[PDB]
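A.B. asks: I am attaching a structure below and will ask some questions about it afterwards.
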Amino acid sequence: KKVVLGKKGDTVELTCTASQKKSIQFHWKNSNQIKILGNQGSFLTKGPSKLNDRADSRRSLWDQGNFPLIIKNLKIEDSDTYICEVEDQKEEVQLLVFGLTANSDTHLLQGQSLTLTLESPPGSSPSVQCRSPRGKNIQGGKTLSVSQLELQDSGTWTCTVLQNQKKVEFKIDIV
Amino acid sequence: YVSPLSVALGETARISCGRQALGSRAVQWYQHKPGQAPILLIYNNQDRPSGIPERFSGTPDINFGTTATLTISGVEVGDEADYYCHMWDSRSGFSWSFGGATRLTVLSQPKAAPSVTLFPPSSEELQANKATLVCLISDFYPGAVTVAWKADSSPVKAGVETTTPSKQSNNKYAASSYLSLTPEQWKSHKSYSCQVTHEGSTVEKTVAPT
Amino acid sequence: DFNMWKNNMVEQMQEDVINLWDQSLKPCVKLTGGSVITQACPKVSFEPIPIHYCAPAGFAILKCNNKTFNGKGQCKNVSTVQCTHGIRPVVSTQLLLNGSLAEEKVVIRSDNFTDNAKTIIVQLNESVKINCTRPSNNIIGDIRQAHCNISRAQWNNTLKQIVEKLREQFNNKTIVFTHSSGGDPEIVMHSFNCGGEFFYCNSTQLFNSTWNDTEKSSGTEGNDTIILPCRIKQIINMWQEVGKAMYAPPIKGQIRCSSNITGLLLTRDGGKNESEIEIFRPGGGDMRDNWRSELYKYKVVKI
Amino acid sequence: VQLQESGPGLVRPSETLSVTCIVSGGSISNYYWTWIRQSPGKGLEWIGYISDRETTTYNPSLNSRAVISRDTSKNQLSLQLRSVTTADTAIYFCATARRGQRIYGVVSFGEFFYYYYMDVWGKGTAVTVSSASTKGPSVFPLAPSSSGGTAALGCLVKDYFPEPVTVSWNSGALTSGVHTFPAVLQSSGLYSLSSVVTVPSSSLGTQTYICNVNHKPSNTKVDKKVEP
Ligand SMILES: *[C@@H]1O[C@H](CO)[C@@H](O[C@@H]2O[C@H](CO)[C@@H](O[C@@H]3O[C@H](CO[C@H]4O[C@H](CO[C@H]5O[C@H](CO)[C@@H](O)[C@H](O)[C@@H]5O[C@H]5O[C@H](CO)[C@@H](O)[C@H](O)[C@@H]5O)[C@@H](O)[C@H](O[C@H]5O[C@H](CO)[C@@H](O)[C@H](O)[C@@H]5O)[C@@H]4O)[C@@H](O)[C@H](O[C@H]4O[C@H](CO)[C@@H](O)[C@H](O)[C@@H]4O[C@H]4O[C@H](CO)[C@@H](O)[C@H](O)[C@@H]4O[C@H]4O[C@H](CO)[C@@H](O)[C@H](O)[C@@H]4O)[C@@H]3O)[C@H](O)[C@H]2NC(C)=O)[C@H](O)[C@H]1NC(C)=O
Ligand SMILES: *[C@@H]1O[C@H](CO)[C@@H](O)[C@H](O)[C@H]1NC(C)=O
Ligand SMILES: *[C@@H]1O[C@H](CO)[C@@H](O)[C@H](O)[C@H]1NC(C)=O
Ligand SMILES: *[C@@H]1O[C@H](CO)[C@@H](O)[C@H](O)[C@H]1NC(C)=O
Ligand SMILES: *[C@@H]1O[C@H](CO)[C@@H](O)[C@H](O)[C@H]1NC(C)=O
Ligand SMILES: *[C@@H]1O[C@H](CO)[C@@H](O)[C@H](O)[C@H]1NC(C)=O
Ligand SMILES: *[C@@H]1O[C@H](CO)[C@@H](O)[C@H](O)[C@H]1NC(C)=O
Ligand SMILES: *[C@@H]1O[C@H](CO)[C@@H](O)[C@H](O)[C@H]1NC(C)=O
Ligand SMILES: *[C@@H]1O[C@H](CO)[C@@H](O)[C@H](O)[C@H]1NC(C)=O
Ligand SMILES: [Cl-]
């Protein structure tokens, strides 16, 4: 029931821990029961998932019963429910990955309008709140717009994406 | 290039390939008698083409580090030649050079006294205002012969040109001396003698105008 | 109530081989904590001698005799002997080597067939010869590629058997053999030990086929003799504990070793992708599975 | 198969050399062919070779001044050498080349190498780089004297450049014993050789002896007769 958010292109560590403080067989699978990554003996196995070349672990911690799944350069398609079967228990995590791109000309001349959009996974019902340099707010369920652009709005915008009572922050530099 | 080796007639000669082999090899041995075309003695490592005696032998590439060597057991006088070893191994690449040639000298053959023929200025020749005489030394060994023209018992003062003995198809030396005269000079004397000398031993031949 | 998957002899066995690999094959460097342990490493030649598990008096091992035994069932015929048979503990990543042959028909064993993350152990009708060498002494002389030779024919016949036994357990779905999805070089590749050299060999050639029935298969055709290429390492990943280790080279010369292939270690992909097909790849690395492969017919009880 | 070469014998100092080879018996399209020279005081130098499938390979040393070609119809090999110099004066040989393979390891891993050996050779043709005037010989006969029963007669070929001259007897009839001689070089810088043959004196008068002098660089041909 854990819910971890993640920015696009970021890295996440989905944690997993054992009762014993020694290394033992653990497997990370996704919702469709596709093997993401595991350990055989002291060896890392990588399943045939989509995460394959971006999935990894941290084996230095295995010895104390700690088997994190690390996913690097996040993608929206990575949004899923991951399970860590170790020691006959099934830890569940849900990873939600969001993007918030501006796709701007890099030259919003005065009176021009943003231009702020959100990339979101299936099932998600994300709320977006964007705060301007000055303190102006804009609210967007899936998209964000400034009705008129003035010289005050230029600078660094702070956007918070809320999802399952947890939050995440994108900052964007605009002119 | 042209490193020299000398062997006793009848004894065995062992020519070692001048380039070491880096890994597995295929060595060719060619025999070459200058003026003539070379001859393939050994290909693969120890394989022989037809016509090549079993007395020529290469060294097979069976064990590590074995030196490539041509062996000529019971050398004969017709084994004097340059010997090339064309090395090919797996470590260097394409072999573009035959390399240095070992020059075999066979010691020392049996003595042979020269075989002399002398020839008076021919008809056509004499007619065309030019008179030359042809002393033909032949079948000798060692190949060192001194030639002096008798000129009717007075040594000739000019017009002599002698070759330097060059070996022949029969493994013995041949040479050639040419006295050259004006037809008047030929008739002006009764006899003409060329003496050749070989190991302090002279043989003389004479001709006269007719 | 036998249970090869929760046997305790297997853990003792494991600890035995670990201790046998100390002394027998000492690594110059281990890297762990990092702890960075160093130890003098004389060049050595290694060949595992057999091991027996022994029962302390007042305890005993029962030997099941079912010529075909899955390993997790009540055993009908049961015997009682003092020590297990002699078992030469080859540590090998992908193919089980020199293990005892299954009596009668081929056997496949899982603790759970259905969990795609549980390893299937395979025991063979008859053994397949595999020959491996690292010819070029070590580069002086000829540059030669370390390699392994297997018979295409015998491998194909063995595959045919493995397919009949798998299809039984999997409802007759066409079964596909492919290479390791991901992993350390040890488990991606057929990693083993020949004459104290640490071979990594490429088995993809071994597992490139589609079998619909026990006949009607794809990709299995080829040259008479399968030649697996190998790399040979000295700084390797440890099987005994999570770390890296550097070993010594061996007493010089050609390494040549022929090993019976008596077993396989497969895992299947599964998951909800369907396609009415099953995909099997080679695996291993938990050497316990290697010992399990031998001790499935043994269990310790108090007396 | 049999090989016979030919060439100019003389080549001017900036020009291009061209020599050729005629094969007999087999077809020129079934064999690797190769040229090899032999400069004076220098060892055998390998010029390059052309394959059965007519690809070519030249020795780096010749700086790509070399063209080896195959004329299937005329059934001939030719080798041309650009921009020649005094160091190009040599006896050019063409020869069969045979490609052996020395296999030491697993063939799939490319654990082997190709080598080449020359079994069949040409007689070879001598070429001299020179600005010098070419010149044919005037042969006169050397009449027998009148030991028994043999008597010796011959030809005298005087003032021909450059070497070599070939002497035959009665076309090719008289093989034994004809003994042609090493030529002599005069202060004039022209060669003059001679050629004798021992033969029965009981054969004099009746059996007619003619010598055949071939001087390819000229290209003079000449027969003369020898009578008592
Ligand atoms: C895993 O599986 C892999 C796949 O199977 C496997 O790969 C194999 O590995 C081994 C090594 O591990 C390799 O073995 C070597 O094999 C070479 C090739 O062998 C074959 O070919 C040669 C030559 O064949 C041509 O020439 C002969 C000779 O005239 C002709 O008769 C033939 O017609 C043929 O000519 C035609 O084809 C040519 C192309 O090659 C053309 O050029 C030509 O125009 C023609 O068309 C044969 O001689 C071999 O047959 C003899 O041996 C085979 C078995 O190899 C026998 O079955 C057969 O009865 C014969 O006895 C064969 O067919 C070898 O050349 C090579 O061994 C040489 O080198 C090593 C080290 O360099 C030496 O130790 C060894 O002694 C050999 O050197 C001798 O021979 C060479 C060449 O003649 C000489 O140059 C050298 O001086 C030396 O001569 C001495 O010994 C000679 C014979 O021993 C003797 O004749 C001389 O008089 C002298 O005493 C070595 O054997 C093998 O190539 C791989 N194979 C493949 C297909 O990949 C791998 O090993 C496996 N490993 C595992 C996992 O265990
Ligand atoms: C390999 O199997 C054969 C039976 O085919 C057997 O005779 C031999 O002892 C086995 N080798 C080892 C090392 O167990
Ligand atoms: C086999 O694995 C599946 C994986 O979810 C599990 O549901 C089932 O209980 C396992 N079978 C057993 C433990 O006998
Ligand atoms: C492997 O080696 C054994 C023993 O040398 C031999 O009997 C078997 O034929 C070989 N198998 C191959 C080369 O596939
Ligand atoms: C396995 O390979 C052998 C040898 O090339 C071949 O004859 C056979 O058809 C193959 N086995 C199959 C297709 O089951
Ligand atoms: C070896 O494995 C590589 C991938 O690691 C694969 O692409 C290749 O086909 C394999 N080669 C052989 C000979 O098995
Ligand atoms: C597997 O089969 C394909 C053809 O289906 C072939 O091209 C490929 O090289 C094979 N892989 C190996 C390792 O031989
Ligand atoms: C199996 O035993 C054989 C024969 O005794 C030996 O050559 C080989 O090293 C063993 N296999 C291993 C250690 O993988
Ligand atoms: C199959 O054999 C051919 C020659 O018959 C060879 O070129 C190729 O390398 C072989 N393939 C493999 C995977 O050994
Ligand atoms: Cl070998």
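Sequential numbering from 1, following the chain as shown.
Here the Cβ of each residue, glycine as well, is placed from N, Cα and C on the backbone.
As listed in Swiss-Prot for this protein:
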- A:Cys16-A:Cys84: disulfide bond (DISULFID)
- A:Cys130-A:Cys159: disulfide bond (DISULFID)
- A:1-100: domain 'Ig-like V-type' (DOMAIN)
A.B. asks: Between A:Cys159 (disulfide bond) and A:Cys16 (disulfide bond), what C-alpha distance do you get in Å?
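C.D. replies: Cα-Cα, rounded: 30 Å.
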A.B. asks: Roughly how many angstrom lie between the C-alpha atoms of A:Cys84 (disulfide bond) and A:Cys130 (disulfide bond)?
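C.D. replies: Answer for this pair: 36 Å between alpha carbons.
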A.B. asks: For A:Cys16 (disulfide bond), which residues of its chain lie six or more apart in sequence with Cβ-Cβ distance below 8 Å?
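C.D. replies: Sequence-distant Cβ neighbours: A:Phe26, A:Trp28, A:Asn66, A:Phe67, A:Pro68, A:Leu69, A:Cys84, A:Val86, A:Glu91.
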A.B. asks: Tell me, how many other CB atoms lie within 10 A of the CB of A:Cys84 (disulfide bond), whichever protein chain they belong to?
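C.D. replies: Result for A:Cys84 (disulfide bond): 25 neighbouring Cβ atoms inside 10 Å.
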A.B. asks: Only counting partners 6 or more residues apart, tell me which same-chain residues put their Cβ under 8 Å from the Cβ of A:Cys130 (disulfide bond).
C.D. replies: A:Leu116, A:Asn137, A:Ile138, A:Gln139, A:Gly140, A:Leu144, A:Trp157, A:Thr158, A:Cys159, A:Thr160
A.B. asks: Using DSSP, how many residues in the domain 'Ig-like V-type' (A:1-100) fall into helix, strand and coil?
C.D. replies: 9 helix, 49 strand, 42 coil
A.B. asks: Using DSSP and collapsing to three states, where does A:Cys159 (disulfide bond) fall: helix, strand or coil?
C.D. replies: strand
A.B. asks: Let me check the 10 A CB neighbour count of A:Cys159 (disulfide bond). How many other CB atoms are there?
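C.D. replies: The answer is 21 other Cβ atoms.
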